[PDB]
Amino acid sequence: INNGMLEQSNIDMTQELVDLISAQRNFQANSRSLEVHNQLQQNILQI
Amino acid sequence: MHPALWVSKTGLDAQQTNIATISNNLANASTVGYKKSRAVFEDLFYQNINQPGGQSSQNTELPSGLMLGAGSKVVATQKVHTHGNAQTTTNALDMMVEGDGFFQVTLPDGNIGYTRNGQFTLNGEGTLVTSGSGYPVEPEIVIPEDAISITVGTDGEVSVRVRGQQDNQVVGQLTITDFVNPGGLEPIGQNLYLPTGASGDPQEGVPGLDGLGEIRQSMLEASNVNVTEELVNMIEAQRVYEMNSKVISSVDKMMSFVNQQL
Amino acid sequence: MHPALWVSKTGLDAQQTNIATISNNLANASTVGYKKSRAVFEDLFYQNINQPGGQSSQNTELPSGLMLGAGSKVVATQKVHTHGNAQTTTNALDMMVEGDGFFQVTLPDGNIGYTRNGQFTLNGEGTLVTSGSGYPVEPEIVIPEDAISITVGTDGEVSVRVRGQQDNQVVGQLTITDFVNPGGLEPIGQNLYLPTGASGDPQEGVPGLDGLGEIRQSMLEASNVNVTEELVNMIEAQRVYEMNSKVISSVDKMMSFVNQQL
């Protein structure tokens, strides 16, 4: 136990920013798949 | 009603499973230790109207015959068990198998399940369990309450340091299992596999030896999916899907025309 | 006139109600203390043409009978009472229930309306009232004009500070009501709920004991709607709505063809 000190957060802005970019990319890819599926359904519903 | 209707139906069914296969690959792009699947297409049986290589007459034969295919289908969803990249982490309870092998856990039913994910943790007793459902890891590794640090070597030897004492007190030994055909494993969810007939008999051993991989502590294995390949395959699978619908659309117009005329 | 016409009518009715529920959630994407709603679907009764399990011959029974469905409907609108995120404000008269509990206000008719909204203000007499229609809060909290600052504790104790007096002047004690089934409350608008038969008996007490939540001053509870979920459910509902329109259209064309021919 040490007096005169505090523990700050244990996060790294670099790693958080990188994971933010990667998660946005994965979200966009999944939404693209969803759009493709919806377009397929719309094309089927136009016979 | 019409042969082109049934043939094109198999084309739509096949592409739906292929798109559903790719859509699952995209969903598990951030899952640790996930192996991508591939869809394998193969054509169906052929209707033998005129036999190729028949006997048209003496001293002659039919070079090519009249055989109509029945369509296509997805026969299997093959797992690609290649190693994903490596992520360095600050946690000392997550490990990566550098090479062939699977971690083993004890399922609630009693049988042993096999996983490639390394995100582990402890339960209230200090026994090493998974970070999801909490299945114990085989063999049981119990971290003593007097431990100040945890170190896992290349050979899977889990060691801890006790305050006021030198040398690493060994608390257990991790064993990984290898399969001749990892693609034959049956995934039961939760990053767990069950050995099937096509998988082969599980072979155990110490990691890093006997062909098995090495346990890399504080490291994880990312998913091996290639988002570029999934997106490109998505576009091609959609185009084949729409050109199959054209035949059904065309046959529908033809059958409508015959009803009005004949 | 045709069974498929009536079945698809029930399908259209369910999807119209489903879309209206989603449209209500997206409208209340900024309302304070709004709980999202999800429509619950269930199939209608099945007409019994052939009885499954009926004895066709001795030692033989129908493995599956000819049971025709009557469509589907939306049976209930379930209020998902999961906690929403907290908004940090500089106002001192807006509170939040960290956990289970409802603020209680006095409706004009005489009854008590239960609200998750925490946006409160003062009337001409200084009574703590809702920031909307101005309903008094149960129990009444009157802030005297001798106060310079209002502090509301975690346990709901409302205390004000008097000028020229080094002592907090306790002027009230808020009590919150929890329900075993808050989803059974009847929404009456204006961010207010009324108890119902299936909601259960109101249990009132100090905000922080016996399972009640804590009062958070200078903090507001956002709506728990997920715009990502609502939009995807909006797209799915629009397609299922169009699915049953094609069935009605096909039945409509079938009857027209029969009229011309038969």
# chains A, B, ... in the order shown; residues from 1 in each chain; ligands from 1
>>> interface_residues(of="chain A", to="chain B", cutoff="8 Å", atoms="only C-alpha atoms", output="ChimeraX atom specification")
/A:26,29-30,33,36,40,43-44,47
>>> interface_residues(of="chain C", to="chain B", cutoff="12 Å", atoms="only C-alpha atoms", output="PyMOL selection string")
chain C and resi 253-254+257-258+260-261
>>> closest_residue(among="C:158, C:202, C:77, C:182", to="residue C:37", atoms="only C-alpha atoms")
C:77
>>> residues_around(residues="residue B:191", least_positions_apart="4", cutoff="12 Å", atoms="only C-alpha atoms", output="PDB file with N, CA, C and O atoms, in the first residue's frame")
ATOM      1  N   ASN B  28     -18.431 -14.186 -37.677  1.00  0.00           N
ATOM      2  CA  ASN B  28     -17.319 -14.604 -36.829  1.00  0.00           C
ATOM      3  C   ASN B  28     -15.981 -14.102 -37.366  1.00  0.00           C
ATOM      4  O   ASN B  28     -15.041 -14.871 -37.563  1.00  0.00           O
ATOM      5  N   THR B  31     -14.160 -13.520 -33.732  1.00  0.00           N
ATOM      6  CA  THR B  31     -14.139 -14.633 -32.795  1.00  0.00           C
ATOM      7  C   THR B  31     -12.738 -15.226 -32.724  1.00  0.00           C
ATOM      8  O   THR B  31     -12.135 -15.544 -33.753  1.00  0.00           O
ATOM      9  N   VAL B  32     -12.223 -15.377 -31.505  1.00  0.00           N
ATOM     10  CA  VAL B  32     -10.874 -15.894 -31.320  1.00  0.00           C
ATOM     11  C   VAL B  32     -10.853 -17.382 -31.634  1.00  0.00           C
ATOM     12  O   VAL B  32     -11.683 -18.150 -31.133  1.00  0.00           O
ATOM     13  N   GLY B  33      -9.898 -17.796 -32.459  1.00  0.00           N
ATOM     14  CA  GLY B  33      -9.773 -19.196 -32.823  1.00  0.00           C
ATOM     15  C   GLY B  33     -10.922 -19.734 -33.649  1.00  0.00           C
ATOM     16  O   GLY B  33     -11.393 -20.851 -33.395  1.00  0.00           O
ATOM     17  N   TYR B  34     -11.388 -18.967 -34.629  1.00  0.00           N
ATOM     18  CA  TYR B  34     -12.441 -19.404 -35.531  1.00  0.00           C
ATOM     19  C   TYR B  34     -11.839 -19.799 -36.871  1.00  0.00           C
ATOM     20  O   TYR B  34     -10.952 -19.117 -37.391  1.00  0.00           O
ATOM     21  N   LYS B  35     -12.323 -20.906 -37.422  1.00  0.00           N
ATOM     22  CA  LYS B  35     -11.867 -21.417 -38.706  1.00  0.00           C
ATOM     23  C   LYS B  35     -12.970 -21.235 -39.736  1.00  0.00           C
ATOM     24  O   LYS B  35     -14.099 -21.690 -39.527  1.00  0.00           O
ATOM     25  N   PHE B 102      -5.396 -28.962 -30.165  1.00  0.00           N
ATOM     26  CA  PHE B 102      -6.581 -28.334 -29.601  1.00  0.00           C
ATOM     27  C   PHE B 102      -6.533 -28.430 -28.085  1.00  0.00           C
ATOM     28  O   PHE B 102      -6.081 -29.438 -27.536  1.00  0.00           O
ATOM     29  N   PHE B 103      -6.998 -27.380 -27.414  1.00  0.00           N
ATOM     30  CA  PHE B 103      -7.249 -27.472 -25.983  1.00  0.00           C
ATOM     31  C   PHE B 103      -8.430 -28.399 -25.725  1.00  0.00           C
ATOM     32  O   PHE B 103      -9.306 -28.573 -26.574  1.00  0.00           O
ATOM     33  N   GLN B 104      -8.455 -28.997 -24.539  1.00  0.00           N
ATOM     34  CA  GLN B 104      -9.504 -29.934 -24.162  1.00  0.00           C
ATOM     35  C   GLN B 104     -10.205 -29.445 -22.904  1.00  0.00           C
ATOM     36  O   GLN B 104      -9.552 -29.003 -21.955  1.00  0.00           O
ATOM     37  N   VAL B 105     -11.537 -29.527 -22.904  1.00  0.00           N
ATOM     38  CA  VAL B 105     -12.361 -29.118 -21.777  1.00  0.00           C
ATOM     39  C   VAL B 105     -13.354 -30.232 -21.471  1.00  0.00           C
ATOM     40  O   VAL B 105     -13.589 -31.127 -22.285  1.00  0.00           O
ATOM     41  N   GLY B 113     -14.699 -31.918 -24.726  1.00  0.00           N
ATOM     42  CA  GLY B 113     -14.768 -31.080 -25.899  1.00  0.00           C
ATOM     43  C   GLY B 113     -13.417 -30.463 -26.209  1.00  0.00           C
ATOM     44  O   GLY B 113     -12.560 -30.332 -25.339  1.00  0.00           O
ATOM     45  N   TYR B 114     -13.231 -30.079 -27.467  1.00  0.00           N
ATOM     46  CA  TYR B 114     -11.950 -29.580 -27.948  1.00  0.00           C
ATOM     47  C   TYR B 114     -12.135 -28.198 -28.555  1.00  0.00           C
ATOM     48  O   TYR B 114     -13.048 -27.985 -29.358  1.00  0.00           O
ATOM     49  N   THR B 115     -11.263 -27.268 -28.172  1.00  0.00           N
ATOM     50  CA  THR B 115     -11.375 -25.878 -28.583  1.00  0.00           C
ATOM     51  C   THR B 115     -10.029 -25.349 -29.053  1.00  0.00           C
ATOM     52  O   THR B 115      -8.972 -25.811 -28.619  1.00  0.00           O
ATOM     53  N   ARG B 116     -10.088 -24.371 -29.956  1.00  0.00           N
ATOM     54  CA  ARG B 116      -8.914 -23.617 -30.375  1.00  0.00           C
ATOM     55  C   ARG B 116      -8.823 -22.253 -29.711  1.00  0.00           C
ATOM     56  O   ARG B 116      -7.741 -21.656 -29.701  1.00  0.00           O
ATOM     57  N   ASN B 117      -9.927 -21.751 -29.165  1.00  0.00           N
ATOM     58  CA  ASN B 117      -9.911 -20.480 -28.459  1.00  0.00           C
ATOM     59  C   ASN B 117      -9.120 -20.611 -27.163  1.00  0.00           C
ATOM     60  O   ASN B 117      -9.213 -21.619 -26.459  1.00  0.00           O
ATOM     61  N   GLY B 118      -8.338 -19.580 -26.852  1.00  0.00           N
ATOM     62  CA  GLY B 118      -7.505 -19.578 -25.669  1.00  0.00           C
ATOM     63  C   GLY B 118      -7.945 -18.672 -24.544  1.00  0.00           C
ATOM     64  O   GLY B 118      -7.219 -18.555 -23.547  1.00  0.00           O
ATOM     65  N   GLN B 119      -9.104 -18.028 -24.645  1.00  0.00           N
ATOM     66  CA  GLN B 119      -9.566 -17.123 -23.597  1.00  0.00           C
ATOM     67  C   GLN B 119     -10.037 -17.939 -22.402  1.00  0.00           C
ATOM     68  O   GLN B 119     -11.182 -18.394 -22.355  1.00  0.00           O
ATOM     69  N   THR B 130     -12.900 -22.026 -18.922  1.00  0.00           N
ATOM     70  CA  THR B 130     -13.039 -21.132 -20.061  1.00  0.00           C
ATOM     71  C   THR B 130     -13.744 -19.844 -19.646  1.00  0.00           C
ATOM     72  O   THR B 130     -14.443 -19.785 -18.630  1.00  0.00           O
ATOM     73  N   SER B 131     -13.556 -18.804 -20.455  1.00  0.00           N
ATOM     74  CA  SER B 131     -14.123 -17.494 -20.165  1.00  0.00           C
ATOM     75  C   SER B 131     -15.565 -17.353 -20.631  1.00  0.00           C
ATOM     76  O   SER B 131     -16.163 -16.291 -20.428  1.00  0.00           O
ATOM     77  N   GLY B 132     -16.135 -18.385 -21.243  1.00  0.00           N
ATOM     78  CA  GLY B 132     -17.514 -18.333 -21.683  1.00  0.00           C
ATOM     79  C   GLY B 132     -18.445 -19.064 -20.741  1.00  0.00           C
ATOM     80  O   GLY B 132     -18.811 -18.541 -19.685  1.00  0.00           O
ATOM     81  N   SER B 133     -18.841 -20.281 -21.117  1.00  0.00           N
ATOM     82  CA  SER B 133     -19.708 -21.086 -20.266  1.00  0.00           C
ATOM     83  C   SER B 133     -19.015 -21.550 -18.991  1.00  0.00           C
ATOM     84  O   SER B 133     -19.702 -21.958 -18.048  1.00  0.00           O
ATOM     85  N   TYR B 135     -16.433 -24.036 -18.745  1.00  0.00           N
ATOM     86  CA  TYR B 135     -16.108 -25.457 -18.701  1.00  0.00           C
ATOM     87  C   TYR B 135     -14.692 -25.654 -18.168  1.00  0.00           C
ATOM     88  O   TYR B 135     -13.775 -24.938 -18.582  1.00  0.00           O
ATOM     89  N   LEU B 185     -14.270 -32.542 -37.661  1.00  0.00           N
ATOM     90  CA  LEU B 185     -14.839 -32.275 -36.349  1.00  0.00           C
ATOM     91  C   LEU B 185     -16.226 -31.661 -36.481  1.00  0.00           C
ATOM     92  O   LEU B 185     -16.488 -30.865 -37.386  1.00  0.00           O
ATOM     93  N   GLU B 186     -17.121 -32.039 -35.568  1.00  0.00           N
ATOM     94  CA  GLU B 186     -18.472 -31.494 -35.551  1.00  0.00           C
ATOM     95  C   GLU B 186     -18.511 -30.294 -34.618  1.00  0.00           C
ATOM     96  O   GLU B 186     -18.345 -30.467 -33.401  1.00  0.00           O
ATOM     97  N   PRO B 187     -18.725 -29.078 -35.121  1.00  0.00           N
ATOM     98  CA  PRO B 187     -18.822 -27.922 -34.224  1.00  0.00           C
ATOM     99  C   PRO B 187     -20.149 -27.930 -33.482  1.00  0.00           C
ATOM    100  O   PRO B 187     -21.215 -28.040 -34.091  1.00  0.00           O
ATOM    101  N   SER B 223      -9.406 -14.959 -35.838  1.00  0.00           N
ATOM    102  CA  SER B 223     -10.089 -15.704 -36.884  1.00  0.00           C
ATOM    103  C   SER B 223      -9.303 -15.616 -38.188  1.00  0.00           C
ATOM    104  O   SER B 223      -8.647 -14.613 -38.480  1.00  0.00           O
TER     105      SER B 223
END
>>> atom_distance(atom1="atom CA of residue C:39", atom2="atom CA of residue C:68")
24.2 Å
>>> calpha_fit_rmsd(fixed="chain C", moving="chain B")
0.4 Å
>>> atom_distance(atom1="atom CA of residue C:79", atom2="atom CA of residue C:179")
13.4 Å
>>> select_by_dssp(residues="stretch 28-251 of chain B", states="strand (DSSP E)", output="JSON, numbers by chain")
{"B": [37, 38, 39, 40, 41, 42, 43, 46, 47, 48, 49, 50, 66, 67, 68, 69, 72, 73, 74, 75, 76, 77, 78, 79, 86, 87, 88, 95, 96, 97, 98, 103, 104, 105, 106, 112, 113, 114, 115, 120, 121, 122, 128, 129, 130, 147, 148, 149, 150, 151, 152, 157, 158, 159, 160, 161, 162, 169, 170, 171, 172, 173, 176, 177, 178, 186, 187, 192, 193, 194, 203, 204, 205, 214, 215, 216, 217, 219, 220, 221]}
>>> select_by_dssp(residues="stretch 176-231 of chain C", states="alpha helix (DSSP H)", output="VMD selection string")
chain C and resid 227 to 231
>>> write_last_selection(atoms="C-alpha atoms", output="PDB file, in the first residue's frame")
ATOM      1  CA  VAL C 227     -31.910   1.995 -33.638  1.00  0.00           C
ATOM      2  CA  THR C 228     -29.810  -0.729 -35.270  1.00  0.00           C
ATOM      3  CA  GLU C 229     -32.271  -3.407 -34.139  1.00  0.00           C
ATOM      4  CA  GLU C 230     -35.363  -1.389 -35.075  1.00  0.00           C
ATOM      5  CA  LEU C 231     -34.153  -0.692 -38.620  1.00  0.00           C
TER       6      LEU C 231
END
>>> closest_residue(among="B:97, B:141, B:222, B:198", to="residue B:177", atoms="only C-alpha atoms")
B:97
>>> residues_around(residues="residue C:154", least_positions_apart="4", cutoff="12 Å", atoms="only C-alpha atoms", output="number ranges by chain")
C: 95-99, 158-159, 173-176, 206-209, 212-218
